[PDB]
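Trainee: Dropping a structure here in structure tokens format, bear with me for questions.
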Amino acid sequence: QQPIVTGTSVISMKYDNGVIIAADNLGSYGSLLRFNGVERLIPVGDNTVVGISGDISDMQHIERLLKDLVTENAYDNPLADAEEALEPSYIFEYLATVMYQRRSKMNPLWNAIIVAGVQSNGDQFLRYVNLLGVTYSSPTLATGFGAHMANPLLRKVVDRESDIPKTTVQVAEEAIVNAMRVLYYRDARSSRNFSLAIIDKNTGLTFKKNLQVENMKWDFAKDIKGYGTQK
Amino acid sequence: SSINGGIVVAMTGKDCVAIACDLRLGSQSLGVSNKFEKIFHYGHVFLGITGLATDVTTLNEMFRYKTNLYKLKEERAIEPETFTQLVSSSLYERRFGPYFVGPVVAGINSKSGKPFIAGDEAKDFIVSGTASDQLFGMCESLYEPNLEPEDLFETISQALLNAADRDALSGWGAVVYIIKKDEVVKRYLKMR
Amino acid sequence: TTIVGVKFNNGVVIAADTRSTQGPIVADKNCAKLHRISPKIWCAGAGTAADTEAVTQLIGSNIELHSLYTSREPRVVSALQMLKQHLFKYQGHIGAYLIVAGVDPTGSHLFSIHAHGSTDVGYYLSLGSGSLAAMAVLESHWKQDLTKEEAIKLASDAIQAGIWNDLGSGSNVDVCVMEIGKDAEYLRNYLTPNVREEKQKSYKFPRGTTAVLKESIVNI
Amino acid sequence: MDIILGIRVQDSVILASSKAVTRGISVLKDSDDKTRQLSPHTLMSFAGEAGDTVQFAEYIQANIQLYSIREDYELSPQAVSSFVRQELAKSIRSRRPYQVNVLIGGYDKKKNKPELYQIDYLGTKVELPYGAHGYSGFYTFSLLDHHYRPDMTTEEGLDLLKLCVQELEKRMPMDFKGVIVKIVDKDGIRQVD
Amino acid sequence: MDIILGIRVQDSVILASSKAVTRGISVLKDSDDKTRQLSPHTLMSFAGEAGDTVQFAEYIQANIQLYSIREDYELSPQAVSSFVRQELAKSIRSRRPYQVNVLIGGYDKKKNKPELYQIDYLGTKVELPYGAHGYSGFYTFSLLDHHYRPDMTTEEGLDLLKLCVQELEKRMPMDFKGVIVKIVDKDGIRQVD
Amino acid sequence: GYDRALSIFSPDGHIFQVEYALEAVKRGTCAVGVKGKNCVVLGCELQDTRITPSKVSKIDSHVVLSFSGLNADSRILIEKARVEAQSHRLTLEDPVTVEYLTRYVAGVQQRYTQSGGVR
Amino acid sequence: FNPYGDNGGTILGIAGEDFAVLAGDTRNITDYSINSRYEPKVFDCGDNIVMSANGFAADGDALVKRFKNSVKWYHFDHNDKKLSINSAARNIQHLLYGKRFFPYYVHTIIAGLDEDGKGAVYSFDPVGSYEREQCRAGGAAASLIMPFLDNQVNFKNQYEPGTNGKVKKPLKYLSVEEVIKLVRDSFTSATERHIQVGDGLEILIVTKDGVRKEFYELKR
Amino acid sequence: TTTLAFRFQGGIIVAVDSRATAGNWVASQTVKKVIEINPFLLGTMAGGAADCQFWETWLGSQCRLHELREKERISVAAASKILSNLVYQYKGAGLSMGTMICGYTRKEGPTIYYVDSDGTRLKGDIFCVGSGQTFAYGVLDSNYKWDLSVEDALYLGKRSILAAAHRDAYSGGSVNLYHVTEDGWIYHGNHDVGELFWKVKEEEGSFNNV
Amino acid sequence: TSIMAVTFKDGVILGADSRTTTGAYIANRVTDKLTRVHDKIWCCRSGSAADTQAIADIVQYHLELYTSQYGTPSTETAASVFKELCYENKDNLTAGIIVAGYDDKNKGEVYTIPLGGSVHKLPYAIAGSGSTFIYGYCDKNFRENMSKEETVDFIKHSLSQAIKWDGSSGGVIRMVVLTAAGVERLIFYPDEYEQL
Amino acid sequence: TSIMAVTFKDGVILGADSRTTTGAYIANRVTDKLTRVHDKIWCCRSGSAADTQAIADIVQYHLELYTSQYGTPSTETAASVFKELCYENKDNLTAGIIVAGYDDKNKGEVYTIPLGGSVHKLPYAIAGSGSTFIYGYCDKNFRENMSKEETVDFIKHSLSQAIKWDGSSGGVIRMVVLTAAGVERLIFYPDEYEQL
């Protein structure tokens with residue numbers, strides 16, 4: 001009914017061979033920056049990462065549901081490591097079902113979720129669902145405050161699906177890291193510490209923890225004096 | 001505002017302007033009259049006013065006052081651009097406690113002969129009142145620059161009629177003015 | 001609306017989009033949002049257009065009168081102070097959010113003013129519904145040593161981010177460039193990225209499709 | 001609520017006004033005349049909030065009488081209805097609006113024409129062949145729209161009014177205790193049944 | 001609102017009920033009978049919320065008819081009014097109360113006595129010489145308190161009812177389109193004018 | 001609750017409990033009906049006569065039920081039939097037809113031949 | 001908690017004499033933000049039935065999913081018999097009204113061929129009232145689209161030019177190509193004037209030959 | 001919206017407008033406000049469209065089951081009570097309904113029941129429902145007769161809907177006319193209110209204000 | 001916002017964060033919250049930026065008048081003018097001001113004017129949303145007559161914690177040092193103070 | 001309320017103030033807020049006293065069942081049971097729990113369950129109204145693997161500041177020390193900790 005501890009933006013991007021998703025490590029408690037080690041990117045197998053924003057208690061509930069789903073998928077399934085592994089699309093559809101059912105019981109999971117992955121055919125998967133069950137896909141996805149600031153920057157790289165094959169992992173990762181820096185400049189509930197995950201159809205999941213926003217520019221602040229007339 | 005209903009549209013053509021309005025006066029769903037013309041003129045400047053009919057009447061009487069005093073002092077009729085500024089300042093003088101109206105100015109400047117419309121100087125077409133969004137759709141589909149006055153008449157008339165047909169609170173006939181520097185023709189349209 | 005201001009090594013740029021909206025409806029595709037307070041002092045407003053227009057007109061009038069009284073070029077700090085005090089008097093009921101930029105004998109200046117009368121100075125600023133997208137561009141590309149051409153490029157890129165990503169912003173980019181020691185360079189429709197494609201057919205009706213009841217000439 | 005009805009026929013204006021006055025639970029009066037003569041050939045009927053209507057109508061009557069004494073002349077029904085509209089339009093912006101709806105029936109002796117003006121409490125004025133305020137039009141306008149003819153005599157106008165009143169008495173749930181009927185014509189104002 | 005009135009005289013109970021049905025702006029019907037016969041010598045009139053009144057009265061009628069078939073016997077007006085009171089008292093505590101006020105007029109053929117019970121929607125039951133619901137009592141009880149006599153004949157009762165109805169028509173602002181009058185006596189139920 | 005299948009098929013396809021219910025009918029006191037052109041007549045051949053009334057029960061003012069067999073079971077059917085007659089008269093706008101009531105009562109009897117835990 | 005949102009989007013069904021068109025913009029929005037430029041709202045549901053449920057996109061998705069499942073179940077229990085568009089419309093009414101007290105907040109349109117082979121369009125309110133229509137627009141810019149189509153398809157308010165308003169302009173056969181041109185121009189004008197009207201137009205065309213898909217880019 | 005039904009020697013006329021509105025926006029000009037429950041029963045949609053359409057179609061299903069069970073046409077009284085009981089069971093749940101159930105049986109003759117969301121069930125000779133009802137009553141009460149011809153009754157229905165369409169902005173589009181006979185209902189077609197308006201305005205000479 | 005002023009042996013130091021927020025959006029990351037009202041009288045502003053800017057401009061005007069008529073105002077006089085404005089307008093104005101100043105006789109003085117417009121002379125003051133988190137730290141670490149260096153460190157540590165914990169605080173740490181020697185402005189960047 | 005738990009070299013120490021308030025009235029000045037749910041699993045309660053007492057009783061019951069069926073519960077298991085209660089009843093229950101416990105393999109562990117029923121394992125936790133004032137102090141003064149004495153001092157100083165500043169906190173400082181050696185209860189009076 002009301003979110004208490006909250007994560008903030010998850011941002012993500014397709015690139016030629018995969019998907020990148022990043023989220024910062026902060027649990028805020030209103031304006032109090034209370035918890036600073038909250039991982040909000042949940043890998044599911046080697047082919048999927050779930051990025052969660054919003055209520056951290058509901059996030060922990062979803063993470064439990066995802067671990068249970070992997071366990072259940074392994075039951076009586078000798079190919080659970082192979083052609084009957086969970087796909088990103090299965091995980092997304094399950095989460096979207098849960099979210100919409102919870103909404104329809106007036107008891108929402110107060111989250112926005114991005115499922116990033118690579119399908120077994122090598123297709124990039126990147127889809128959003130929120131607490132309403134509203135779903136959409138785009139070559140770039142961002143939740144929360146990142147929807148307003150990160151998406152413009154990432155779309156300057158990937159404006160349409162025909163930009164995806166032109167976009168390397170280096171360019172996409174640089175764009176994601178710069179967008180995280182911009183969020184640290186401009187989101188009062190952000191952290192300079194973030195996690196980033198790369199899901200490549202060739203090189204698999206690479207999950208980078210304890211990244212820090214670097215190369216911030218602040219020295220121009222020395223010149224700012226008063227609010228108008230103070231010399 | 002919507003209590004009374006009503007729509008005004010103006011369009012520029014080649015050396016011409018058109019301004020058109022519906023004639024309905026309502027009181028919510030009750031139709032009161034079909035003789036409530038929303039288009040006034042002050043010399044060669046035409047003003048359409050949509051919105052609350054008491055404010056339409058009050059503002060017409062006020063702009064008559066102001067443009068008569070203007071002609072007496074200046075010894076010339078007011079031009080459309082000057083009248084647009086006058087309307088703007090007169091409405092903002094009630095920025096708190098507004099008149100609930102949408103003015104549309106149309107005319108031709110006596111000296112340059114340039115057609116002018118405002119609601120700015122958005123030169124193609126200007127739309128006001130309850131069917132504004134239907135009118136935007138119609139005009140943005142039908143409008144072409146540099147229409148001759150007869151084609152301008154057809155275009156604005158079809159925009160008004162088809163937009164009005166999808167507005168419950170406006171209609172029961174329409175009037176179209178086609179304005180040229182030498183000549184103004186009023187036409188009445190049947191609505192069905 | 002997207003408005004930005006960008007200071008550069010010898011001046012300041014302000015830029016705006018040109019879409020005016022009435023709710024979800026585009027009332028005007030090419031509204032001029034950059035308003036001259038004085039020859040080298042320019043403002044741009046978000047919020048309700050009429051309040052921006054009116055406060056700009058009043059302040060410009062008083063600035064011109066004050067310049068005549070003092071026999072001096074007007075100062076951006078005077079426009080700021082007068083706007084600030086007017087808006088504070090009206091306690092935020094004047095819904096004007098402004099970027100004020102200009103050049104004066106004391107140099108280049110760039111300020112934002114909020115409807116409550118709060119002001120700040122900046123090297124780069126954005127306002128309106130597209131302000132977050134524009135600021136994302138500004139934060140990723142602004143630098144202290146911008147030339148004029150870099151600052152124009154940056155400002156128009158930030159407006160373009162607003163145009164593409166904010167529904168409330170669109171159509172063209174207007175720019176005004178105020179260099180120190182130079183005339184202000186107003187660049188109406190500096191970019192036109194949103195030109196409508198030609199329709200599939202002409203919709204000109206044949207003469208007489210409309211039924212006319214009666215005609216009369218009006219005396220004027 | 002009150003019923004006021006007006007019909008402009010060829011030679012005259014007929015005004016019809018309900019006689020009831022109701023306060024809370026009770027009909028206090030069954031004989032109330034909801035009109036004031038503004039001038040020898042101009043009559044105003046009024047409906048609306050208790051007290052407001054009579055205070056307004058008497059203020060108007062005093063002002064029109066003052067004009068007539070000052071000029072030794074009678075204002076046209078047009079000028080009277082414009083003045084009344086201006087007073088109502090002011091009141092909307094005042095600290096306590098007159099909640100008063102009026103019909104002004106007059107005979108213009110310069111034009112030799114009857115005129116009927118409907119003015120709502122907003123100051124929405126409209127000249128009409130026939131007119132009503134509130135719900136009375138909801139029941140009566142279809143009869144008038146069907147039967148009204150501009151060349152009707154006074155007697156045909158009165159018969160059409162009788163049909164309108166009978167329809168109100170049938171379908172309108174209040175008991176308005178009938179109508180007083182006044183006729184304004186070239187001979188002035190008279191009361192009729 | 002609806003008018004229901006009852007007078008218990010020496011030999012009979014007279015029930016009078018208004019004919020109007022009004023929905024929103026319009027009188028839909030001018031002939032509505034707001035009563036149901038519960039048994040050959042018991043009549044119930046009802047007033048209140050649209051739909052509730054008839055649904056309640058028909059449920060009661062069906063239950064009393066079922067009792068009569070099961071026992072081959074007619075319940076006293078006392079027993080009927082107790083049953084109706086119990087149903088109304090339940091409904092106050094239910095998820096949607098019947099907003100229904102009733103008068104039950106019956107002739108007890110064991111006592112050879114007329115009986116009139118007033119029951120409000122709360123289930124407040126009272127046996128009365130004469131009775132009313134809503135505002136009808138506000139206008140009528142002073143006439144009944146002044147003129148009523150327990151030994152009145154049916155004809156005197158009807159004349160007193162006529163006076164009550166005339167007073168309502170004078171002072172009550174609604175037009176209720178008159179009353180239907182039913183008489184309950186030793187011969188059963190009949191309708192009168 | 002108790003749901004035992006009491007009425008079931010025998011190998012020859014009879015339902016013994018329904019046959020034995022018919023034996024109960026056959027032991028029961030007579031009832032006779034004769035339909036004429038304009039009336040139906042029903043008849044039957046230290047008790048207090050006042051409070052041992054006719055076996056002929058009204059179900060509604062226009063329709064009448066007699067029975068043979070178990071008197072107590074018949075009271076249950078009669079009460080159900082009366083309730084249905086009043087229900088039809090309430091929910092629809094007419095008294096029952098004789099065939100509608102008969103079909104209802106026969107349905108009640110049939111259902112008790114095919115329902116668990118009931119005789 | 002509000003269980004509803006508005007995702008924008010506009011849809012248009014047109015029945016031809018031997019075809020049906022169902023068109024929709026592809027932009028998904030939330031307030032003034034673009035969520036996606038290509039999130040298609042118009043679906044082939046099988047049996048040459050096309051559907052779009054405009055409004056709250058989660059309820060639209062849910063209704064489309066349930067309708068597709070009803071089609072599958074109808075095939076299972078009718079030996080893959082084709083579902084009629086009329087039977088689909090009745091079934092969709094039952095789907096919607098089953099939520100009468102917590103409605104699917106969507107305006108639905110389905111299109112297809114009737115059993116005569118003529119174009120059919122059915123439109124549904126959130127609660128499930130439905131009507132066979134020649135044409136229906138739905139969503140945010142319906143008011144910008146439909147009057148122009150009434151004018152150009154049905155020649156509404158157009159009279160035969162010489163007859164001075166006596167004779168209507170006669171109705172005539174529009175090909176699907178002419179309809180598509182009118183649809184494109186209508187959506188282009190709505191894109192000009194309504195901020196929610198998307199970046200692309202997707203058209204599903206139903207004919208005896210099946211369902212075919214056309215896509216056209218819109219501005220932004 | 002405006003709907004009306006009236007009894008006469010020829011049976012029942014049902015007349016309705018076809019306008020639908022959403023605020024000021026005219027959503028459709030061509031809504032069918034008569035529900036053909038079966039060949040012998042009509043219902044009029046004037047509440048929420050979905051409630052009337054859904055529940056009167058279900059009512060048709062109940063009529064068919066009753067006919068199969070009882071081997072007879074259902075009474076109009078029975079059908080209207082089935083509907084009013086259903087609607088009363090949802091009282092306070094927010095159903096929006098205001099319908100005339102019209103039929104003509106041998107036992108009842110031509111019968112109209114008004115049925116309301118509030119559970120009102122009224123038999124009557126004449127009913128007008130919707131935002132234009134007062135204008136329709138104004139014509140109909142001025143002109144109704146029992147001995148009216150079928151063609152005169154159809155014209156009177158059309159003219160009462162036209163009067164509402166002129167005065168009530170939320171009424172119009174077209175007039176649909178039905179004639180209920182013992183043999184069933186007869187559709188007497190669709191009449192565009194603008195064409196009808198200008199026809200009556202010239203032929204009858206009414207609406208002189210316009 | 002996190003604002004401090006600390007008296008020390010040579011005078012007073014004012015400190016502030018630079019973050020201005022509108023909801024969770026940082027509208028200005030480089031705000032200067034340290035406002036001069038007189039040469040050696042400065043204020044830290046917290047609360048409504050419009051109210052506190054208007055008040056500070058009015059105080060600067062009144063103190064310029066005072067200076068030209070009556071000579072140099074004391075810090076107590078500036079605090080009194082702030083008080084009169086905050087108190088007489090307490091219903092309209094949401095202003096929590098810290099006033100700090102130096103003069104050769106009184107040395108450094110600090111006055112806090114909380115909401116409601118009470119005035120409190122204090123050896124140090126903390127204010128703003130982020131001050132809540134550092135009350136314990138400041139009480140445990142303040143001592144009278146610190147050196148300049150110790151005082152700068154004390155402010156830097158305190159505000160670094162206030163920035164760590166308060167989302168409404170951040171950016172640079174600005175300081176103004178007021179002494180006999182003059183007015184000195186200091187700035188500390190995140191890569192300095194986040195290492196603390 | 002001001003509650004702490006601090007892991008240290010030998011285990012964990014829980015600390016609390018003893019004040020219960022109803023508005024400004026101190027309803028109980030000697031409250032024990034340190035609730036045993038298992039022999040070496042204890043919780044600090046903050047928020048609604050009824051909710052947190054009901055939860056703690058239910059957890060103690062569930063852990064007694066767990067012990068008799070499955071052996072000794074881990075502190076993580078107790079925190080999970082607390083979580084399930086706080087989370088599934090988050091609308092009704094206003095409970096911010098700190099769970100602390102010792103076992104020989106994991107040593108001391110601390111889990112905080114804020115409002116909403118998220119669980120956070122931490123090396124130390126602070127909670128309650130008075131914790132706001134000591135976030136900076138605790139962040140500046142906590143270090144891993146303190147001795148018992150250093151940890152007791154750290155808690156005493158922190159809670160003394162929380163009591164100084166929070167009206168809803170006060171009375172005695174209670175501590176429970178959980179180690180291999182056993183369970184030890186400590187109490188510190190105002191005349192000890194107000195001198196700090």
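In the structure tokens, chains take the letters A, B, ... in the order shown, each chain's residues start at 1, and ligands count up from 1 in the order shown.
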Skipping near chain neighbours, those fewer than 5 positions away, what residues fall within 7 Å of stretch 91-108 of chain I using only C-alpha atoms, listed as a PDB file with N, CA, C and O atoms, in the first residue's frame?

Mentor:
```pdb
ATOM      1  N   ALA I   5      27.252  26.905  11.713  1.00  0.00           N
ATOM      2  CA  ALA I   5      28.212  27.932  12.081  1.00  0.00           C
ATOM      3  C   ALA I   5      28.850  27.618  13.424  1.00  0.00           C
ATOM      4  O   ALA I   5      28.171  27.200  14.364  1.00  0.00           O
ATOM      5  N   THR I   7      31.711  29.086  16.250  1.00  0.00           N
ATOM      6  CA  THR I   7      32.668  30.027  16.814  1.00  0.00           C
ATOM      7  C   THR I   7      33.957  29.326  17.205  1.00  0.00           C
ATOM      8  O   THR I   7      33.962  28.164  17.614  1.00  0.00           O
ATOM      9  N   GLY I  11      37.377  33.627  15.524  1.00  0.00           N
ATOM     10  CA  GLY I  11      36.148  34.114  14.948  1.00  0.00           C
ATOM     11  C   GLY I  11      35.047  33.095  14.762  1.00  0.00           C
ATOM     12  O   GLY I  11      34.706  32.367  15.695  1.00  0.00           O
ATOM     13  N   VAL I  12      34.474  33.042  13.564  1.00  0.00           N
ATOM     14  CA  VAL I  12      33.391  32.120  13.255  1.00  0.00           C
ATOM     15  C   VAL I  12      33.552  31.605  11.832  1.00  0.00           C
ATOM     16  O   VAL I  12      34.001  32.324  10.937  1.00  0.00           O
ATOM     17  N   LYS I  40      31.130  41.616   7.462  1.00  0.00           N
ATOM     18  CA  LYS I  40      31.421  40.492   8.343  1.00  0.00           C
ATOM     19  C   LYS I  40      30.185  39.973   9.071  1.00  0.00           C
ATOM     20  O   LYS I  40      30.282  39.484  10.196  1.00  0.00           O
ATOM     21  N   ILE I  41      29.020  40.080   8.447  1.00  0.00           N
ATOM     22  CA  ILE I  41      27.815  39.402   8.903  1.00  0.00           C
ATOM     23  C   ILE I  41      27.248  38.600   7.750  1.00  0.00           C
ATOM     24  O   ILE I  41      26.884  39.158   6.710  1.00  0.00           O
ATOM     25  N   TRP I  42      27.160  37.299   7.949  1.00  0.00           N
ATOM     26  CA  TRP I  42      26.730  36.347   6.949  1.00  0.00           C
ATOM     27  C   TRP I  42      25.629  35.510   7.567  1.00  0.00           C
ATOM     28  O   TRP I  42      25.528  35.385   8.787  1.00  0.00           O
ATOM     29  N   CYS I  43      24.810  34.926   6.715  1.00  0.00           N
ATOM     30  CA  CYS I  43      23.809  33.982   7.163  1.00  0.00           C
ATOM     31  C   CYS I  43      23.875  32.696   6.363  1.00  0.00           C
ATOM     32  O   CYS I  43      24.272  32.681   5.199  1.00  0.00           O
ATOM     33  N   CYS I  44      23.493  31.613   7.024  1.00  0.00           N
ATOM     34  CA  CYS I  44      23.146  30.365   6.370  1.00  0.00           C
ATOM     35  C   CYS I  44      21.632  30.277   6.286  1.00  0.00           C
ATOM     36  O   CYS I  44      20.935  30.510   7.276  1.00  0.00           O
ATOM     37  N   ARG I  45      21.132  29.947   5.112  1.00  0.00           N
ATOM     38  CA  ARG I  45      19.706  29.822   4.878  1.00  0.00           C
ATOM     39  C   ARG I  45      19.297  28.356   4.851  1.00  0.00           C
ATOM     40  O   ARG I  45      19.979  27.520   4.254  1.00  0.00           O
ATOM     41  N   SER I  46      18.180  28.049   5.501  1.00  0.00           N
ATOM     42  CA  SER I  46      17.519  26.765   5.334  1.00  0.00           C
ATOM     43  C   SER I  46      16.014  26.980   5.329  1.00  0.00           C
ATOM     44  O   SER I  46      15.505  27.987   5.828  1.00  0.00           O
ATOM     45  N   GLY I  47      15.307  26.013   4.757  1.00  0.00           N
ATOM     46  CA  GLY I  47      13.904  26.183   4.436  1.00  0.00           C
ATOM     47  C   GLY I  47      13.633  26.756   3.058  1.00  0.00           C
ATOM     48  O   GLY I  47      14.412  26.549   2.123  1.00  0.00           O
ATOM     49  N   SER I  48      12.523  27.481   2.929  1.00  0.00           N
ATOM     50  CA  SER I  48      12.092  28.005   1.638  1.00  0.00           C
ATOM     51  C   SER I  48      13.138  28.947   1.062  1.00  0.00           C
ATOM     52  O   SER I  48      13.491  29.954   1.683  1.00  0.00           O
ATOM     53  N   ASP I  51      11.590  32.514   0.473  1.00  0.00           N
ATOM     54  CA  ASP I  51      11.433  33.261   1.712  1.00  0.00           C
ATOM     55  C   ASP I  51      12.784  33.714   2.248  1.00  0.00           C
ATOM     56  O   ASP I  51      12.947  34.872   2.644  1.00  0.00           O
ATOM     57  N   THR I  52      13.760  32.810   2.289  1.00  0.00           N
ATOM     58  CA  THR I  52      15.048  33.151   2.884  1.00  0.00           C
ATOM     59  C   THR I  52      15.834  34.134   2.022  1.00  0.00           C
ATOM     60  O   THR I  52      16.504  35.020   2.557  1.00  0.00           O
ATOM     61  N   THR I  75      26.319  41.863  15.061  1.00  0.00           N
ATOM     62  CA  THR I  75      25.675  40.614  14.668  1.00  0.00           C
ATOM     63  C   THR I  75      24.343  40.420  15.384  1.00  0.00           C
ATOM     64  O   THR I  75      23.387  39.901  14.800  1.00  0.00           O
ATOM     65  N   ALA I  79      20.738  39.803  13.667  1.00  0.00           N
ATOM     66  CA  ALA I  79      19.854  38.764  14.181  1.00  0.00           C
ATOM     67  C   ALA I  79      18.500  39.312  14.617  1.00  0.00           C
ATOM     68  O   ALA I  79      17.474  38.670  14.402  1.00  0.00           O
ATOM     69  N   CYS I  86      11.174  37.258  10.505  1.00  0.00           N
ATOM     70  CA  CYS I  86      10.721  35.881  10.672  1.00  0.00           C
ATOM     71  C   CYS I  86       9.517  35.777  11.602  1.00  0.00           C
ATOM     72  O   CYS I  86       8.592  34.999  11.348  1.00  0.00           O
ATOM     73  N   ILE I 113      17.965  31.297  14.342  1.00  0.00           N
ATOM     74  CA  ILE I 113      16.571  31.711  14.311  1.00  0.00           C
ATOM     75  C   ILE I 113      15.768  30.554  13.734  1.00  0.00           C
ATOM     76  O   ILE I 113      15.521  30.510  12.522  1.00  0.00           O
ATOM     77  N   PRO I 114      15.367  29.589  14.554  1.00  0.00           N
ATOM     78  CA  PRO I 114      14.478  28.526  14.086  1.00  0.00           C
ATOM     79  C   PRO I 114      13.139  29.056  13.598  1.00  0.00           C
ATOM     80  O   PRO I 114      12.779  30.221  13.766  1.00  0.00           O
ATOM     81  N   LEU I 115      12.401  28.151  12.966  1.00  0.00           N
ATOM     82  CA  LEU I 115      10.993  28.366  12.676  1.00  0.00           C
ATOM     83  C   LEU I 115      10.251  28.873  13.906  1.00  0.00           C
ATOM     84  O   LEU I 115      10.479  28.413  15.026  1.00  0.00           O
ATOM     85  N   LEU I 178      35.230  34.052   9.000  1.00  0.00           N
ATOM     86  CA  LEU I 178      35.169  35.450   9.401  1.00  0.00           C
ATOM     87  C   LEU I 178      36.084  35.683  10.590  1.00  0.00           C
ATOM     88  O   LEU I 178      35.906  35.076  11.649  1.00  0.00           O
ATOM     89  N   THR I 179      37.054  36.570  10.410  1.00  0.00           N
ATOM     90  CA  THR I 179      38.033  36.882  11.434  1.00  0.00           C
ATOM     91  C   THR I 179      38.393  38.356  11.317  1.00  0.00           C
ATOM     92  O   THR I 179      37.854  39.085  10.482  1.00  0.00           O
ATOM     93  N   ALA I 180      39.303  38.793  12.185  1.00  0.00           N
ATOM     94  CA  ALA I 180      39.928  40.101  12.032  1.00  0.00           C
ATOM     95  C   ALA I 180      40.592  40.249  10.671  1.00  0.00           C
ATOM     96  O   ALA I 180      40.514  41.310  10.043  1.00  0.00           O
TER      97      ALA I 180
END
```

Trainee: Which residues of chain G are close to chain A, meaning at most 10 Å apart when you count only C-alpha atoms, and how do they look as a list in words?

Mentor: residues 1, 2, 3, 4, 5, 7, 28, 29, 32, 33, 34, 35, 36, 37, 38, 39, 40, 56, 57, 58, 59, 60, 61, 62 and 102 of chain G

Trainee: Using only C-alpha atoms, find each residue of chain H with at least one atom at most 10 Å away from an atom of chain F; report its shortest atom-to-atom pair and that distance in Å (one decimal), sort the rows by chain and rising residue number, and return the result as CSV.

Mentor:
```
residue,atom,partner,partner_atom,distance
H:69,CA,F:100,CA,8.7
H:70,CA,F:100,CA,7.5
H:74,CA,F:92,CA,9.6
H:75,CA,F:93,CA,8.1
H:76,CA,F:93,CA,9.3
H:77,CA,F:93,CA,6.2
H:78,CA,F:92,CA,4.7
H:79,CA,F:92,CA,7.9
H:80,CA,F:92,CA,9.0
H:81,CA,F:92,CA,6.5
H:82,CA,F:91,CA,6.9
H:84,CA,F:91,CA,9.9
H:85,CA,F:91,CA,7.8
```

Trainee: I'd like to know which residues of stretch 112-157 of chain D are strand (DSSP E or B) (by DSSP, run on the backbone); could you write them as a PyMOL selection string?

Mentor: chain D and resi 113-119+125-127+130-132

Trainee: Those residues with C-alpha atoms, as a compact mmCIF listing (two decimals), in the first residue's frame please?

Mentor:
```txt
# COMPACT_ATOMS: atom_id res chain seq x y z
CA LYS D 113 -43.23 45.99 -31.92
CA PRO D 114 -43.56 43.68 -28.92
CA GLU D 115 -40.25 42.51 -27.50
CA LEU D 116 -39.46 39.67 -25.09
CA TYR D 117 -36.02 39.37 -23.50
CA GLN D 118 -34.86 36.45 -21.36
CA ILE D 119 -32.01 37.24 -18.95
CA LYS D 125 -29.59 37.99 -22.46
CA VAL D 126 -31.50 36.67 -25.47
CA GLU D 127 -34.43 38.12 -27.39
CA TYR D 130 -41.17 32.76 -26.27
CA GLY D 131 -39.21 32.08 -23.14
CA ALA D 132 -39.01 30.34 -19.82
```
